[PDB]
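K.L.:
Okay, here's the structure, questions in a sec.
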Amino acid sequence: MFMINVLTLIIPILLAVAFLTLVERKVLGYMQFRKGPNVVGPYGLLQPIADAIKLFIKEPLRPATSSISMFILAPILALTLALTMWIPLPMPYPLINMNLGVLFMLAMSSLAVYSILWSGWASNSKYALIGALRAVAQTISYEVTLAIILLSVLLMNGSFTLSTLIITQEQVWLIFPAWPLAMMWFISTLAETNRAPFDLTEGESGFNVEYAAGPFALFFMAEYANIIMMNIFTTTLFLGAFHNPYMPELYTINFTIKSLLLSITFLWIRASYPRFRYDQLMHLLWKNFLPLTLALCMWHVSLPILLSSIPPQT
Amino acid sequence: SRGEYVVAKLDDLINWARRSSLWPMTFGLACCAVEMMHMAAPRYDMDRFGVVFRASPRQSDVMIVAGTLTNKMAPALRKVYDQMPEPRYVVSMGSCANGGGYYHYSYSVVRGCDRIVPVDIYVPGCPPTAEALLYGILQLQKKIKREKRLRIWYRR
Amino acid sequence: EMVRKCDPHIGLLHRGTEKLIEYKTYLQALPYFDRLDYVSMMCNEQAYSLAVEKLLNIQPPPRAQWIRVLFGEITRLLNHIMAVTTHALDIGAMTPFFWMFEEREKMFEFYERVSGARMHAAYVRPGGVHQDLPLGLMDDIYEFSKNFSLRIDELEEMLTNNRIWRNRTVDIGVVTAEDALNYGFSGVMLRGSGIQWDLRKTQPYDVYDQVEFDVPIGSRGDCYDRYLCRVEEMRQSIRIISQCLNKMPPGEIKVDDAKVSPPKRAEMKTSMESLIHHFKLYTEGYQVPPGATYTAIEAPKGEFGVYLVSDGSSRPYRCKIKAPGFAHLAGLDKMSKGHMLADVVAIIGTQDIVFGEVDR
Amino acid sequence: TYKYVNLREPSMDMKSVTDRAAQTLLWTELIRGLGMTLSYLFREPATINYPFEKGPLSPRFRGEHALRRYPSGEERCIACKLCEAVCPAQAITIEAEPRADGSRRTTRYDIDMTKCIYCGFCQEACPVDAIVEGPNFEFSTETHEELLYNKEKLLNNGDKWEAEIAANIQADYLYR
Amino acid sequence: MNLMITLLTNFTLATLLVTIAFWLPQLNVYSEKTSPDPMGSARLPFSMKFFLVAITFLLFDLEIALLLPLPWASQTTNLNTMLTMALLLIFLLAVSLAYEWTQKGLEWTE
Amino acid sequence: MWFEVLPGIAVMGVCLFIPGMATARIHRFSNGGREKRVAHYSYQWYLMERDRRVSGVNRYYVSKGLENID
Amino acid sequence: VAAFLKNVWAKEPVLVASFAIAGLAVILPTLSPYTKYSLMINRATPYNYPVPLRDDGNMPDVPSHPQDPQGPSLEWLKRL
Amino acid sequence: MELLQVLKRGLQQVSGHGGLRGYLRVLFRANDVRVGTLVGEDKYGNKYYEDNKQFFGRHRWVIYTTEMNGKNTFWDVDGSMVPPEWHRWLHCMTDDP
Ligand SMILES: CCCCCCCCCCCCCCCCCC(=O)OC[C@H](COP(=O)([O-])OCC[N+](C)(C)C)OC(=O)CCCCCCCCCCCCCCCCC
Ligand SMILES: CCCCCCCCCCCCCCCCCC(=O)OC[C@H](COP(=O)(O)OCCN)OC(=O)CCCCCCCCCCCCCCCCC
Ligand SMILES: CCCCCCCCCCCCCCCCCC(=O)OC[C@H](COP(=O)(O)OCCN)OC(=O)CCCCCCCCCCCCCCCCC
Ligand SMILES: CCCCCCCCCCCCCCCCCC(=O)OC[C@H](COP(=O)(O)OCCN)OC(=O)CCCCCCCCCCCCCCCCC
Ligand SMILES: CCCCCCCCCCCCCCCCCC(=O)OC[C@H](COP(=O)(O)OCCN)OC(=O)CCCCCCCCCCCCCCCCC
Ligand SMILES: CCCCCCCCCCC1=C(C)C(=O)C(OC)=C(OC)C1=O
Ligand code: SF4
Ligand code: SF4
Ligand code: SF4
């Protein structure tokens, strides 16, 4: 019965990642004054199915890897960590209702850089390894502002419990007291997922260009699971919805609409901006977001004390 | 028999999925690149057919040779074609890719890209219009639709 | 991260164009110029036509000159749309590419209505243009021009005040004026550095002394001022197109020397001299008097010139093609020193480089 | 007669400095760009439904070649080799002889469509309107030699497309 | 226990999809490929700057590890000392950032 | 036009709606028509194990009220 | 000192906002009338059992019942 | 409210193809459901439609026949299935069908 709950979590994750690709191609079509896919299915609804069947019977590139074992373990780790970030998500009830769900998510997203690192070293190209090291350095850079923005917000929560974050936002959204944290958080989640304007794995060859089309589709679907997940986590964190404990589907519809609009905001940002040069997003992290994030971390430490609004522990 | 029916339905499935998700690697060699970009432009929009805009060469399904193949770039074309995973296809766009074209008698031009790679669709024009190139891509999809891989495998 | 040396190896589209010109007549060698700067077709047609007409001691009729300047500025819009939108597509702004290629598609419809081909028209010929405008074309060019300023406005809304676009272009590819003159740069590559030089002002050709337009001058020599110069040249090209539509004269469109331009088919099928002239212009071709000219225009990439040598026959003895991309890509190595690997793609963008005219 | 792009010295009073700082911190031009992209989201796209909807053309359009006939069945081509003399790519190969009734007619009229540059110099060199470059652009092949047209293929293209070619010439011959 | 079941299910689904993606096109008998990089054969050049940003991540991440018990630390009854030491740790992270700034450590990956 | 993208958004939104609705209904099915007991702290687990012992049927969610005393 | 402020607010407004927010976070808890109430609320929160006192006979300020008048009251927290 | 007029136009596009069966027929063959004025039908079964309210490029279309010269063109529609007398009109070489 619990395994039914695990499958009703993880199989709709795979379906929503399948159709996020279609939604991205359609929304980027209409924002680029064209259509998206509308031939393959009715309104293109069979485009992800056709494309998945195409990729799973495409020939393997059959490369020379330094490690066979890390070449197998990098997609396994990417998919496993992409699926374990969902299990504490309170929507309105988490699958695993853990007391440190925020810190668990922060740790399991910190572990996601080994997929990039192991897949880069598993490729024998030195250029793929250099691009992998640039992607890892970008990601661990933006993890700093993830951790500190998240800490500064949870100073208003009182605990690392994700389910308490619904109770925190019953009177107001937490984007009202923490909109600078919210906007730096949103750009930091944009830079965690190698998402445009921070997609330097498509700027002129990434880390996973040496895989077959099947494992490349697995990396791709882990990345889009991370995108949908970080939008849901941002929605829980700043745009927390109303919850009737006798009608949980009201909260589910509300956070689902907000998370869809936030994922479409990711799609709409990649359809609007040029890329950063690599040192420019290093400049954006280390010289712009991190001083503001430390200043607001001091502010959200000292502000519940000066207003007498320290939240409860329990 | 029953196995004949199963390989017929499975060939129909895999051919549907391969033709309905063609990913092109376009060689922007010469003027035909501009008309490929018009076949990607919002009037014609290859992406509504599932034909994405600028897939990377290690994951592409068709190689659209759009422009003049000179002798100095013939091994680069061959190397990219060798790096493409199967089933790979090659569309020859325009007269210089087809038969050398206006530079057929030149000292420096490969007389048609068919001397270097096997070619599936020859799209004629100088340049062929973006509608004519889209016609050639739909004819390539019809060529993939009538492939008989598992049926010939079941008969071999 | 820094670029110490940039060595551009070219010749990957060297097709021996101007040796193939040496065996073909002047009419036969006209459509090679459509394919050199293959986003600027009728401008290169105009440069070759002006070279041949300068060597022939004839001149086009006034309506031919106004049609050539009209379609030269339509061509200038085509090339600056290609330039700005692919320069943004390579950096990452993929969306105004698709927004501007519909207006680009409508101008290719203008080419196809006037000649029959969407790109390589072979329409501007030595003597004038090949064929007159069809009825209703100038109304549709007016309906295009009435709306194209808003397309430039929304392109400029996307890119110009955007801080990410400014961070990719503001201190990148800075060329001093003295180095831009010494490296043989032309067009925007000069005018971005503050050099007040445009060939349609200084050495004017067909009716550019009769149209009124401004010349955008940059102030920092960077990728960003060259971007703003190309956007403002789209503005001023719309201005020239309005002045060409209002001041289009009546009259013939070929020179009325039937020993240079072919007669009409109605008189070719009726008159003996016109059939003889039609025969000899489409088999032998006209003879050009012996001499070497250097005729250059302000193409949308810069000074596009032809050093054309006739020996008296109906085929060129020599046809050297000066293109701006050759000198600009020779200056690529200087312009990328002290910059980064993602700045070199912005420098290859701000030099509007098409390798058909680079490699010939 | 010239203008200075980017020669604005920005105002340094507290109003304009606070405006630029609000633009930097509150990302006003980024929301402007998002608004323009959102404005295209709700426009109708420019995408026609090929193959069912076709791109607009004109009677001058230069597509697939065809040999034409008179309104009696007699072919117009009288073997004068002007089209292959003017042909800039030498796509046309012509051999001729007098046929059984003594008419000047071709026995070889080849057009290599993979040398052809589709510029239509042949149809304007032609003094009898025999060769035309017709309206068809959808004639892609699966094999290279299916684009090496002989006289039979060009005459069949003329018989196939004459009802359209004649009306396009009727639309355009007064400009010629 | 439910967490171990969930981790095992996620790992098993990931390993299953990886095995399917690595062995479903192996059933095809396509062809044997011979196929005889921007760098030609040159050794991987070390860059000091990537190592500096990785160590700067590690040091600020240790400072983050100190900062992580603050939502529980605000519940204390020694609030003046807690607030002083909290502002002092964020200030020392800021001073580490300023020293990394002003000695050109944040340059060419700024 | 722009409502052509809404079928894919509807499919993806139903797929995002499914896990929360599923875990709410499975928690109410597995816990006596009520929410799952949240035991983050050892006092809550202590009362929960007390409920499992005082229910008699080894299920904490079987509640016993005034009828279980005299 | 006023020209320096406008100069750095024109050049580096991120750092001006950073040092302004940091300076407010430093000085403002020592200026607020509510900082006393944070301590008062944290000591009013009963994590532990209130272990009773053996009544010796003379403790007039220790109640015998929770609803007795003597003892610490939290009407200040109910009102605020 | 003008959303109601939009939905009524969608319902009469369902009605305009002769109900849900012909509606889904043109939806899965044309990837397009809008109704037009039937300009004509050739000797093959290709049907030609106008809608001058559509923008220039959408305003003329063809619904290809399901069988032409022995071939089953139900799903395999082809741009070269258009006869030359309709090829002027469909490619907008003339105003005249
Ligand atoms: C979670 C829901 C959504 C949240 C909002 C996000 C939605 C909108 C997203 C739009 C698309 C963004 C795409 C990526 C853009 C990346 C570039 C970018 O923006 O860089 C950030 C830029 C970077 O600066 P820059 O690069 O533009 O400027 C140049 C920088 N120097 C000078 C160093 C060279 O700005 C920031 O870092 C600002 C971050 C937020 C700051 C919030 C400040 C709040 C107010 C403080 C007080 C101010 C008043 C004075 C004191 C008063 C005291 C009482
Ligand atoms: C949470 C919900 C998630 C939902 C996700 C999916 C959303 C979209 C679902 C699909 C919508 C309808 C798609 C219909 C496609 C067209 C099918 C069709 O008609 O194919 C015709 C083809 C050939 O037929 P033929 O007889 O030759 O035609 C000649 C007629 N004179 O015949 C064939 O090709 C053979 C028949 C193939 C039928 C395939 C139909 C679609 C399959 C979709 C699978 C997934 C559906 C969702 C599963 C979960 C919910 C149940
Ligand atoms: C190359 C190898 C393969 C790589 C791919 C697979 C591995 C990577 C992806 C999976 C990562 C596994 C993470 C396991 C622990 C996660 C942390 C954790 O347990 O947090 C949840 C929770 C803490 O919150 P709390 O509510 O306080 O505890 C319950 C008290 N009421 O704590 C609990 O609820 C406690 C539950 C019981 C304890 C669980 C212990 C799990 C088994 C040990 C680790 C197994 C994995 C080892 C390898 C890890 C990666 C290297
Ligand atoms: C014992 C018998 C069974 C044997 C095993 C078979 C397993 C089931 C396989 C699916 C059914 C078999 C038929 C497959 C399609 C063949 C028919 C076909 O392609 O018809 C063409 C038609 C569209 O026509 P077309 O010419 O492509 O369009 C031009 C544009 N007007 O195409 C259509 O209308 C759409 C066709 C859709 C194909 C089916 C739906 C997608 C696949 C669903 C099953 C696999 C899903 C796996 C999971 C994917 C990832 C979530
Ligand atoms: C006291 C409270 C706690 C204070 C400590 C914690 C603050 C939280 C934020 C931490 C920031 C850490 C890094 C700060 C480094 C500052 C030095 C610096 O960056 O100098 C160099 C810079 C010129 O920049 P450059 O060298 O070119 O670097 C590339 C970017 N252009 O030079 C500059 O940009 C000049 C910047 C310095 C002047 C800033 C003045 C701000 C005034 C705000 C209002 C008053 C605040 C009062 C607080 C004390 C101020 C000293
Ligand atoms: C368990 C398998 C589920 C299906 C596989 C993932 C969903 C399909 C995504 C297909 C896809 C699309 C559309 C796509 O556009 C794309 O290119 C950017 C991919 O990466 C290679 C993709 O993988
Ligand atoms: S076939 Fe002709 S128009 Fe096309 S790229 Fe070649 S030269 Fe240019
Ligand atoms: S269109 Fe031009 S290249 Fe083609 S056959 Fe005619 S003259 Fe020769
Ligand atoms: S097609 Fe015309 S130009 Fe060519 S040989 Fe025949 S009659 Fe002469």
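Here, A, B, ... name the chains of the structure tokens in the order displayed, residue numbers run from 1 inside each chain, and ligands are numbered from 1 in the same displayed order.
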Pick out the residues no farther than 8 Å from ligand 7, counting only C-alpha atoms and all ligand atoms, and list them as a list in words.
P.N.:
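Listing the residues within 8 Å of ligand 7 gives residues 29, 30, 31, 32, 33, 66, 67, 68, 93, 94, 95, 96, 97, 98, 100, 101, 102, 103, 124, 125, 126, 127 and 128 of chain B; 35, 38, 119 and 120 of chain C; 117 of chain D.
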K.L.:
Filtering to N, CA and C atoms, could you give me those residues as a compact mmCIF listing (two decimals), in the first residue's frame?
P.N.:
```txt
# COMPACT_ATOMS: atom_id res chain seq x y z
N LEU B 29 26.81 25.21 -45.15
CA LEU B 29 27.99 25.43 -45.97
C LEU B 29 27.91 26.76 -46.71
N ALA B 30 26.81 26.99 -47.41
CA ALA B 30 26.67 28.06 -48.39
C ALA B 30 25.22 28.54 -48.37
N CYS B 31 24.73 29.10 -49.49
CA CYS B 31 23.48 29.88 -49.51
C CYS B 31 22.27 29.07 -49.08
N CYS B 32 22.31 27.74 -49.26
CA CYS B 32 21.24 26.85 -48.83
C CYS B 32 21.03 26.83 -47.33
N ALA B 33 22.03 27.24 -46.55
CA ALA B 33 21.84 27.41 -45.11
C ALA B 33 20.77 28.44 -44.81
N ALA B 66 23.67 21.34 -46.84
CA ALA B 66 23.06 22.54 -47.40
C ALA B 66 24.16 23.49 -47.84
N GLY B 67 24.65 23.30 -49.05
CA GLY B 67 25.62 24.20 -49.61
C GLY B 67 26.72 23.44 -50.31
N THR B 68 27.69 24.20 -50.81
CA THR B 68 28.77 23.63 -51.59
C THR B 68 29.73 22.85 -50.71
N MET B 93 20.75 19.07 -50.23
CA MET B 93 19.98 20.26 -50.53
C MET B 93 20.70 21.08 -51.59
N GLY B 94 20.02 21.34 -52.70
CA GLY B 94 20.52 22.29 -53.67
C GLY B 94 21.58 21.72 -54.59
N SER B 95 21.87 22.49 -55.64
CA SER B 95 22.60 21.97 -56.79
C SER B 95 24.06 21.66 -56.49
N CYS B 96 24.70 22.39 -55.58
CA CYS B 96 26.11 22.10 -55.34
C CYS B 96 26.28 20.85 -54.50
N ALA B 97 25.39 20.63 -53.54
CA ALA B 97 25.39 19.36 -52.84
C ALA B 97 24.94 18.22 -53.74
N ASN B 98 24.11 18.51 -54.74
CA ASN B 98 23.59 17.44 -55.59
C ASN B 98 24.60 17.01 -56.63
N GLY B 100 27.45 19.41 -57.78
CA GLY B 100 28.48 20.41 -57.96
C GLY B 100 27.90 21.75 -58.34
N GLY B 101 26.91 21.73 -59.23
CA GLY B 101 26.09 22.91 -59.44
C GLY B 101 26.78 23.94 -60.30
N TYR B 102 26.87 25.15 -59.78
CA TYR B 102 27.48 26.25 -60.49
C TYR B 102 28.99 26.20 -60.42
N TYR B 103 29.50 25.33 -59.57
CA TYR B 103 30.92 25.17 -59.31
C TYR B 103 31.33 23.75 -59.65
N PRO B 124 16.37 19.53 -55.23
CA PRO B 124 16.95 20.39 -56.27
C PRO B 124 16.48 21.83 -56.20
N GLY B 125 17.36 22.71 -56.62
CA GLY B 125 17.13 24.14 -56.56
C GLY B 125 18.44 24.86 -56.39
N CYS B 126 18.41 26.16 -56.62
CA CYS B 126 19.56 27.03 -56.38
C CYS B 126 19.11 28.39 -55.87
N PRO B 127 18.80 28.50 -54.56
CA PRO B 127 18.60 27.44 -53.59
C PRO B 127 17.22 26.87 -53.81
N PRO B 128 16.96 25.64 -53.40
CA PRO B 128 15.58 25.19 -53.36
C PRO B 128 14.89 25.98 -52.27
N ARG C 35 25.93 34.69 -55.13
CA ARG C 35 26.33 33.60 -54.27
C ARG C 35 27.60 33.90 -53.49
N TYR C 38 25.97 35.85 -49.91
CA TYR C 38 24.71 35.22 -50.24
C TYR C 38 23.56 35.60 -49.32
N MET C 119 15.95 34.03 -53.52
CA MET C 119 17.25 34.56 -53.13
C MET C 119 18.09 35.05 -54.31
N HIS C 120 18.44 34.19 -55.25
CA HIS C 120 19.42 34.56 -56.26
C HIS C 120 18.65 35.01 -57.49
N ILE D 117 21.44 26.25 -62.18
CA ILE D 117 21.39 27.25 -61.12
C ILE D 117 20.07 27.96 -61.08
```
K.L.:
Within 9 Å of ligand 1, which residues of chain C come that close, and what is the closest atom pair and distance in Å for each? Count only C-alpha atoms and all ligand atoms and give it as a tab-separated table.
P.N.:
```
residue	atom	partner	partner_atom_place_in_ligand_line	distance
C:163	CA	ligand 1	27 (O)	6.2
C:164	CA	ligand 1	17 (C)	6.8
C:167	CA	ligand 1	26 (O)	8.2
```
K.L.:
Dump the neighbourhood of ligand 8 as a list in words: all residues within 8 Å, distances computed on only C-alpha atoms and all ligand atoms.
P.N.:
residues 102 of chain B; 62, 65, 83, 84, 86, 87, 88, 89, 90, 91, 92, 111, 112, 113, 115, 116, 117, 118, 119, 120, 121, 122, 123 and 133 of chain D
K.L.:
Return the neighbours of chain C among the residues of chain A, cut-off 12 Å, counting only C-alpha atoms, as a PyMOL selection string.
P.N.:
chain A and resi 27-35+130+134+195-200+202-204+268-281+283-284
K.L.:
Residues at most 9 Å from ligand 4, using only C-alpha atoms and all ligand atoms? Could they come as number ranges by chain?
P.N.:
A: 14-15, 18, 39-42, 46-53; B: 2-3, 5-17, 19-20, 49, 138, 141-142, 145; D: 51; H: 27-31, 73-77
K.L.:
Check every protein, DNA and RNA residue against ligand 9, keep those with an atom at most 9 Å away (counting only C-alpha atoms and all ligand atoms), and present them as an mmCIF file with C-alpha atoms, in the first residue's frame.
P.N.:
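part_4.cif, freshly written:
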```cif
data_model
loop_
_atom_site.group_PDB
_atom_site.id
_atom_site.type_symbol
_atom_site.label_atom_id
_atom_site.label_comp_id
_atom_site.auth_asym_id
_atom_site.auth_seq_id
_atom_site.Cartn_x
_atom_site.Cartn_y
_atom_site.Cartn_z
ATOM 1 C CA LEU D 67 9.781 22.032 -73.067
ATOM 2 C CA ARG D 68 6.672 23.549 -74.586
ATOM 3 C CA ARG D 76 8.438 24.830 -80.131
ATOM 4 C CA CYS D 77 12.128 23.933 -79.876
ATOM 5 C CA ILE D 78 13.906 24.489 -83.157
ATOM 6 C CA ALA D 79 17.325 23.390 -81.961
ATOM 7 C CA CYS D 80 19.036 26.752 -82.044
ATOM 8 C CA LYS D 81 21.230 26.050 -78.971
ATOM 9 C CA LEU D 82 20.828 29.572 -77.567
ATOM 10 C CA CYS D 83 19.780 28.185 -74.205
ATOM 11 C CA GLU D 84 22.907 26.074 -73.883
ATOM 12 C CA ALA D 85 25.086 28.935 -75.104
ATOM 13 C CA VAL D 86 23.720 31.303 -72.462
ATOM 14 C CA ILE D 92 21.990 21.936 -71.204
ATOM 15 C CA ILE D 94 21.770 19.654 -77.222
ATOM 16 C CA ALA D 96 20.145 18.139 -83.431
ATOM 17 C CA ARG D 105 14.436 19.575 -84.287
ATOM 18 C CA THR D 106 16.550 18.230 -81.455
ATOM 19 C CA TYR D 109 17.950 17.977 -75.063
ATOM 20 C CA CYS D 122 17.492 29.740 -70.933
ATOM 21 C CA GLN D 123 13.848 30.748 -71.036
ATOM 22 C CA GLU D 124 14.721 34.348 -71.838
ATOM 23 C CA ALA D 125 17.313 33.353 -74.420
ATOM 24 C CA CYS D 126 14.739 31.135 -76.081
ATOM 25 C CA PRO D 127 13.226 32.902 -79.109
ATOM 26 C CA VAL D 128 10.152 30.667 -79.454
ATOM 27 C CA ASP D 129 9.250 30.164 -75.756
ATOM 28 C CA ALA D 130 10.246 26.512 -75.994
ATOM 29 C CA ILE D 131 12.202 26.006 -72.813
ATOM 30 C CA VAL D 132 10.600 27.448 -69.715
#
```
K.L.:
Quick one: residues within 12 Å of residue D:166, only C-alpha atoms, excluding same-chain residues fewer than 4 positions away - as number ranges by chain?
P.N.:
D: 59-60, 66-71, 129-130, 132-135, 158-162, 170-173; H: 84-85, 88
K.L.:
Neighbours of residue B:22 within 7 Å (only C-alpha atoms; same-chain residues fewer than 5 positions away dropped), as a PDB file with N, CA and C atoms, in the first residue's frame?
P.N.:
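Written file, around04.pdb:
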```pdb
ATOM      1  N   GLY B  50       8.013  17.828 -35.557  1.00  0.00           N
ATOM      2  CA  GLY B  50       8.931  17.090 -34.725  1.00  0.00           C
ATOM      3  C   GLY B  50      10.369  17.198 -35.159  1.00  0.00           C
ATOM      4  N   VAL B  51      10.661  18.058 -36.126  1.00  0.00           N
ATOM      5  CA  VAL B  51      11.994  18.205 -36.691  1.00  0.00           C
ATOM      6  C   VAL B  51      12.649  19.368 -35.958  1.00  0.00           C
ATOM      7  N   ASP B  61      19.482  12.613 -36.502  1.00  0.00           N
ATOM      8  CA  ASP B  61      18.967  11.526 -37.318  1.00  0.00           C
ATOM      9  C   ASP B  61      19.266  11.704 -38.790  1.00  0.00           C
ATOM     10  N   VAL B  62      19.231  12.928 -39.291  1.00  0.00           N
ATOM     11  CA  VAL B  62      19.491  13.190 -40.694  1.00  0.00           C
ATOM     12  C   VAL B  62      20.569  14.260 -40.779  1.00  0.00           C
TER      13      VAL B  62
END
```
K.L.:
Please determine the contact residues of chain E with respect to chain A at a cut-off of 8 Å, counting only C-alpha atoms, and supply them as number ranges by chain.
P.N.:
E: 2-3, 5-7, 9-11, 14-15, 17-18, 21-22, 24-26, 30, 37-39, 44, 50, 53-54, 57, 60-61, 64, 68, 70-72, 74-75, 83, 86-87, 90-91, 93-94, 106, 108-110
K.L.:
Using only C-alpha atoms and all ligand atoms, I'd like a table of the residues in chain B that come within 9 Å of ligand 6; for each, show the closest atom pair and its distance in Å rounded to one decimal, ordered by chain and ascending number, as CSV.
P.N.:
```
residue,atom,partner,partner_atom_place_in_ligand_line,distance
B:21,CA,ligand 6,13 (C),8.6
B:50,CA,ligand 6,13 (C),8.5
B:52,CA,ligand 6,15 (O),7.2
B:55,CA,ligand 6,17 (O),7.5
B:59,CA,ligand 6,21 (C),7.5
```
K.L.:
Given the choices C:7, C:22, C:37, C:179, which gets closest to chain B if the distance is worked out from only C-alpha atoms?
P.N.:
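Answer, going by the shortest atom-to-atom distance: C:37.
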K.L.:
If you measure from atom CA of residue D:19 to atom CA of residue D:32, what distance in Å do you get, rounded to one decimal?
P.N.:
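Separation between atom CA of residue D:19 and atom CA of residue D:32: 15.1 Å.
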